[PDB]
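One chain comes next, on its own, written as structure tokens: the form deposited in one PDB entry.
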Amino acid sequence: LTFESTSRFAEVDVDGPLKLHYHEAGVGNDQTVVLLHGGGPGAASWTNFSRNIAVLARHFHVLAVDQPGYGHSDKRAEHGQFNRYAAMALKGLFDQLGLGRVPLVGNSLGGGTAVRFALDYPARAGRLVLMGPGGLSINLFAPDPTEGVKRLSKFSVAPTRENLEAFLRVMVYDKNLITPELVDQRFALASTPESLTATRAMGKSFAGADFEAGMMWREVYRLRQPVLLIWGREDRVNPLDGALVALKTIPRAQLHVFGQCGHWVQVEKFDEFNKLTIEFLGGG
């Protein structure tokens, strides 16, 4: 199972042909699970879920999708509210692959796309696993913007290597995870003209009149499926206090908190994360 063995592409229509890059594994398995990645600079499905895909492939039919703007997926230079924009694309891909009701596993930005999909097409989404997710999260104590949001903005404005490193350092509890190779790899992926076009579009998307579609904490009370919320106690991007509204309003919600863990739950606690997801999703 490698980057290349599992690669796949598809074309879907969101206001015009939209290419989605993805990964696929565990092809003989009965149950299909879609993984949606978080959203830093140079982020993608594979670097996000490499400690997870192989483990999840033993039980599930795994589809880890680069979200428009990321990975090898169209970096259009214009889009609306991002989570909606990405759910629409995901809807297209479901329809194509002929997926029915699937369970979604997304962290951070991915979790917001997950939840947005789930509200917009209720019948198509099953159980949710959400790791330090945006959208449905609202920090009741932490002044916004947070440290992690600020460090990302700083990089969006001045995309230096020093700025990227500062950002990656608040991604994790154990800062030893931030190596030279990691910073170099993300910086290269992130400093392309295409990726910066994507970065510009996301930036402009915030002023759109549709901002309310990002405020999912107002809406998750409508969710009917079981939802597993997963947070690192030391998340500095989407802090723990932002889990409360969701935990309170979602009827069949569950919360699991890991001490000594930051924003990258699926990396820093990859083993417990894996087991937790597999078990919550019924073991396949």
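For every residue, the number given is its place in the sequence shown, counted from 1.
Just so it is clear, the following notes concern the form solved in complex with a small molecule, a form of the same protein that is not shown.
Quick one: does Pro103 come within 4.5 Å of the small molecule in the entry with it bound, counting heavy atoms only? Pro103 lies outside the contact set for the small molecule.
Would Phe167 sit within 4.5 Å of the small molecule in the entry with it bound, counting heavy atoms only? Contact with the small molecule, yes.
Does any part of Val34 reach within 4.5 Å of the small molecule in the entry with it bound? Heavy atoms only, please. Judged by the heavy-atom cut-off of 4.5 Å, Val34 is well away from the small molecule in the entry with it bound.
I'd like to know if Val62 sits close to the small molecule in the entry with it bound, meaning any non-hydrogen atom pair within 4.5 angstroms. Flag for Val62 set to no.
Since the partner isn't included here, can you check whether the small molecule sits close to all of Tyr70, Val237 and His263 in the entry with it bound (heavy atom within 4.5 Å for each)? Heavy-atom distance to the small molecule in the entry with it bound: all three under 4.5 Å.
Tell me which stretch of 221-229, 50-58, 237-245, 23-31 has a heavy atom within 4.5 angstroms of the small molecule in the entry with it bound. Within 4.5 Å of the partner lies stretch 237-245.
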